[PDB]
2 protein chains.
Amino acid sequence: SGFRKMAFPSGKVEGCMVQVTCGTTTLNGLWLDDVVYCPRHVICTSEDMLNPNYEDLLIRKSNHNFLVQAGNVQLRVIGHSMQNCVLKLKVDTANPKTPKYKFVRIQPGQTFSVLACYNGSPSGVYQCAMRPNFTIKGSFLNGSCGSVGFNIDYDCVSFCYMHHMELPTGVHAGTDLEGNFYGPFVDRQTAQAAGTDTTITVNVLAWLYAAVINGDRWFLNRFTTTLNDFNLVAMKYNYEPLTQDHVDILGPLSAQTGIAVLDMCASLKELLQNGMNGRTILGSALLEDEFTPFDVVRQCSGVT
Amino acid sequence: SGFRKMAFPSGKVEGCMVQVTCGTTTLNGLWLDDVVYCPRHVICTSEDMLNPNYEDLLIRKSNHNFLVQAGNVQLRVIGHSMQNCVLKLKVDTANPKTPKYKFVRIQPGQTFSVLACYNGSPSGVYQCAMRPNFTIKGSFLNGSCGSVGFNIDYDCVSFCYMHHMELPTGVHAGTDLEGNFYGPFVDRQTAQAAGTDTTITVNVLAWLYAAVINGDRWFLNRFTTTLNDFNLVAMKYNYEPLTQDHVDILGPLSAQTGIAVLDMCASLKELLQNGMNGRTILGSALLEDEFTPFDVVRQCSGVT
Ligand SMILES: Cc1ccncc1NC(=O)CC(C)(C)c1ccccc1
Ligand SMILES: Cc1ccncc1NC(=O)CC(C)(C)c1ccccc1
């Protein structure tokens with residue numbers, strides 16, 4: 001028992017982190033097989049970031065201008081190319097530490113672990129969710145660019161995110177490993193609107209089920225609701241509307257606890273309308289939404 | 001910017017995790033050099049746990065009864081000994097993945113990362129604090145015993161905790177790597193009182209400084225206080241009394257923000273007396289105490 005914001009063990013990802021330097025800029029790169037992936041803004045200077053013409057800036061760069069270092073060894077760059085907002089630096093050596101891996105584009109509301117890195121060295125690991133508005137509320141400083149988000153299914157690392165930038169609001173934006181930004185963000189130092197964010201309803205409900213599994217039951221009530229009634233409350237409180245697909249994914253949690261999904265919805269409804277009354281749930285004084293139904297089952301069963 | 005409950009990269013510790021089986025019981029062991037460390041209750045059966053005579057139970061065990069497996073390789077056991085509540089199984093092979101390491105006994109209120117493991121395989125990593133009452137609010141299921149807590153200073157892993165048990169209250173108890181329990185706990189299935197816990201005042205203040213660094217300033221006020229006045233409030237709210245040593249460790253944070261420690265104490269005083277008024281600080285609706293002043297500086301500067 002106990003419930004924690006648990007990240008995946010970062011070992012397989014630590015073995016892939018390298019430092020990429022181009023001119024005066026240094027950031028992180030991901031070395032998989034004989035390719036190093038990093039944000040394309042590594043080729044920019046501070047002046048370039050206001051309106052960079054990446055194609056033109058990349059033309060002034062040759063393979064020898066990209067300095068890739070894995071701890072203390074220098075990798076030899078034999079090819080360079082830009083794919084969307086990422087640079088792919090072909091190196092002459094395959095990473096001996098390359099795990100089984102995939103590149104996946106996660107959906108908003110899904111979770112992942114981030115291995116924050118500076119100068120190609122891992123500093124820490126934390127779990128987060130891709131917000132419905134496609135930002136991430138991470139912890140990143142200058143030099144963290146190129147740090148990646150991932151999930152692990154036994155021995156396979158699914159890379160889902162690469163960090164590119166911090167919005168003037170202090171929230172984070174980045175790409176999938178094909179260099180496509182999550183959200184409307186562009187790799188340019190300009191004011192950029194992150195959309196209106198919403199709370200991930202299915203995740204809050206999954207977390208309410210984790211609370212019941214771990215003994216926190218005070219919020220359970222004698223009521224039930226309907227999808228339409230609950231969604232009227234979700235609307236008022238900027239919660240994502242609940243669908244039958246979300247109800248279906250909560251099935252395992254509903255089965256284990258024997259608390260019908262719509263009954264758990266009624267608990268969430270009363271919590272939204274009345275607040276916590278100064279009480280806590282799983283050590284939190286707010287409704288937590290960065291645990292998916294899969295995360296809850298995984299943690300509550302002990303999947304390695 | 002952004003502030004997260006960040007754990008250390010678990011890579012160096014993943015390389016040390018093994019499975020230890022004795023008779024019918026399986027748990028985790030830590031393989032460092034030619035020694036495997038694990039909880040001594042690995043030698044017990046369910047009936048034994050009510051009042052185990054570990055010395056007598058260990059006498060019925062020989063080196064060949066301890067099955068140690070690192071992934072798929074079987075380690076050959078050539079020695080066994082009990083040191084306090086841990087068993088040290090000498091193996092004939094030094095772990096090739098042994099990092100630079102130390103065994104340290106952490107102080108209550110200090111933090112560490114836990115690599116939760118089942119059957120010798122890592123499932124996740126999370127950051128936590130040793131409570132002032134010497135328990136940890138972790139996330140552990142049956143089979144998690146032998147999972148360890150640690151801190152990392154560049155290349156040196158300081159192991160501070162090994163998980164042994166869950167108290168009937170759902171909180172966790174364990175030992176340092178010499179097998180000494182943190183707190184009054186014993187490895188026996190009996191009712192055990194965890195002492196009255198308190199909130200780690202110096203950690204809450206460090207976290208208030210992290211909030212100011214990251215833009216959350218609403219709680220700052222026009223007031224100041226004294227150590228004695230603040231401690232009268234700390235007493236009423238079950239907060240650890242603040243000492244000049246705590247003020248001294250907050251020095252770097254006080255220097256960076258230019259907010260005197262006693263002025264930050266006055267903010268904490270008003271937050272304790274009035275609550276959050278439905279607002280949040282660093283995404284939390286409660287006063288967070290599992291970040292030390294060192295954790296805050298490290299995260300806010302990007303130490304790898
Ligand atoms: C200081 C910091 C903290 C966390 N994450 C990223 C950064 N910094 C940046 O975003 C700056 C830069 C040049 C990389 C950039 C990139 C795309 C668009 C505009 C600017
Ligand atoms: C179920 C679970 C979850 C998390 N951590 C530990 C456990 N289980 C135990 O503590 C049981 C056992 C036999 C290992 C034990 C050990 C010392 C004292 C009494 C019992």
Side-chain angles (χ1 to χ4, degrees), chain A residues 17-30 36-58 61 66 82-89 103 105-106 108 112-120 122-124 126 128-150 159-197, chain B residues 1-4 6 213-215 283 299-302 304:
Chain A
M17 303 310 298
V18 299
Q19 176 188 91
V20 181
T21 303
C22 192
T24 73
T25 311
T26 285
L27 43 60
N28 308 282
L30 184 70
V36 171
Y37 304 81
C38 75
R40 70 179 181 168
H41 71 250
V42 67
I43 74 186
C44 304
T45 69
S46 59
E47 317 102 56
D48 297 325
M49 293 309 306
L50 291 167
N51 184 44
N53 190 308
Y54 287 98
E55 294 76 17
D56 287 1
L57 290 175
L58 190 55
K61 307 297 179 182
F66 297 101
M82 185 162 56
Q83 170 178 26
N84 303 309
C85 304
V86 297
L87 294 192
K88 293 188 289 194
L89 307 179
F103 287 168
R105 185 163 174 98
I106 53 144
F112 60 92
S113 303
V114 170
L115 177 65
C117 292
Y118 298 88
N119 296 97
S123 51
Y126 58 88
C128 74
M130 177 57 65
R131 298 309 314 163
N133 71 358
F134 290 107
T135 61
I136 75 163
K137 307 198 168 175
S139 166
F140 293 111
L141 298 164
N142 185 7
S144 67
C145 304
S147 306
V148 302
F150 60 96
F159 293 97
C160 62
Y161 176 81
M162 173 167 280
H163 182 58
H164 285 243
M165 56 171 196
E166 185 169 69
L167 300 180
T169 64
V171 309
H172 305 107
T175 73
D176 58 27
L177 273 298
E178 298 194 335
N180 301 111
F181 264 95
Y182 281 105
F185 309 111
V186 290
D187 45 1
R188 186 187 154 152
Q189 195 164 301
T190 185
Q192 293 176 57
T196 304
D197 202 30
Chain B
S1 71
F3 205 72
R4 278 284 186 174
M6 205 174 287
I213 291 166
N214 290 278
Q299 182 165 170
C300 295
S301 82
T304 70

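First the proteins, then the strands, lettered A, B, ... as listed; each starts at 1. Just so it is clear, the values below take in all heavy atoms, side chains as well, and ignore hydrogens, waters and symmetry mates.
Under the 6.0 Å cut-off for aromatic ring centres, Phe103(A) and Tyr37(A) qualify, their centroids lying closer than that.
Considering every non-hydrogen atom in both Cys38(A) and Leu27(A), the closest pair reads CB-CD1, 4.0 Å. Nearest heavy atom pair, residue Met165(A) against residue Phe181(A), reads CE-CE2, 4.0 Å. When every heavy atom of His41(A) is checked against every heavy atom of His164(A), the shortest pair comes out as CE1-O, 3.0 Å. Across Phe185(A) and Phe134(A), no two heavy atoms sit closer than the pair CE1-O, 3.9 Å. Shortest non-hydrogen contact noted between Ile106(A) and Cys160(A) is CG2-CB, 3.5 Å. Of all the heavy atoms in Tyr54(A) and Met49(A), the pair that sits closest is OH-CE, 3.5 Å.
Residues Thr26(A) and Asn119(A) meet the side-chain proximity criterion, which asks for heavy atoms closer than 4.5 Å. Using a 4.5 Å cut-off on side-chain heavy atoms (C-beta onward), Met130(A) and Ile136(A) make contact. Looking at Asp187(A) and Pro39(A), their side chains never come closer than 4.5 Å, going by heavy atoms from C-beta outward. Within the 4.5 Å cutoff, the side chain of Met82(A) has heavy atoms near those of the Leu87(A) side chain.
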| request: Could you go through the side chain to side chain contact (heavy atoms under 4.5 Å, CB included) check for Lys88(A) and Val36(A) one step at a time? | output: CA-CA 6 Å; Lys88(A) 293 188 289 194; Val36(A) 171; over 6 Å; no
| For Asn214(B) and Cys300(B), what are the C-alpha separation, side-chain angles and deciding distance, and is it a side chain to side chain contact (heavy atoms under 4.5 Å, CB included)? | CA-CA 9 Å; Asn214(B) 290 278; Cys300(B) 295; 4.1 Å; yes
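To the nearest 0.5 Å, atom OG of residue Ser139(A) and atom CZ of residue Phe3(B) are 7.0 Å apart. Rounding to the nearest 0.5 Å gives a distance of 7.5 Å between CG of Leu57(A) and OG1 of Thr45(A). With rounding to the nearest 0.5 angstrom, the OG1 atom of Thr135(A) is 9.5 Å from the NE2 atom of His172(A). Rounding to the nearest 0.5 Å gives a distance of 10.5 Å between CG of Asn53(A) and CG of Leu58(A). Separation of atoms CZ (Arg188(A)) and CG (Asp48(A)) is listed at 12.5 Å; rounding is to 0.5 Å. One distance of note links CE of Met6(B) with OG of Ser123(A); it measures 6.0 Å at 0.5 Å rounding.
More than 12 heavy atoms of other residues, nucleotides or ligands shown are found within 6.0 angstrom of NZ on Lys61(A).
In the model, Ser1(B) has a side-chain atom that pairs as donor or acceptor with a side-chain atom of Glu166(A) under 3.5 Å.
A parallel orientation is assigned to the rings of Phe140(A) and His163(A), their planes being inclined by less than 30° (bins at 30° and 60°).
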Side-chain donor/acceptor pairs under 3.5 Å, residues 142-150 of chain A, sequence neighbours excluded:
from: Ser144(A); atom 1: OG; to: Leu141(A); atom 2: O; distance (Å): 2.6
from: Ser147(A); atom 1: OG; to: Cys117(A); atom 2: N; distance (Å): 2.9
from: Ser147(A); atom 1: OG; to: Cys117(A); atom 2: O; distance (Å): 3.4
from: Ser147(A); atom 1: OG; to: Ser144(A); atom 2: O; distance (Å): 2.5

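A donor-acceptor pair is defined here as one N or O able to donate and one able to accept, closer than 3.5 Å; no such pair exists between the side chain of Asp176(A) and the backbone of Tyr161(A). Side chain of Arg105(A) to backbone of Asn180(A): a donor-acceptor contact under 3.5 angstrom is found. Checking side-chain atoms of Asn84(A) against main-chain N and O of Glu178(A) turns up a donor-acceptor pair under 3.5 Å.
Pairs passing the salt bridge (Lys or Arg N to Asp or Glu O under 4.0 Å) check and including a residue from residues 18-30 of chain A, sequence neighbours excluded, do not occur.
Partners of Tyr118(A) according to the ring-ring contact (aromatic ring centres under 6.0 Å, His included) rule, which considers only residues two or more places apart in sequence or in another chain, do not exist here.
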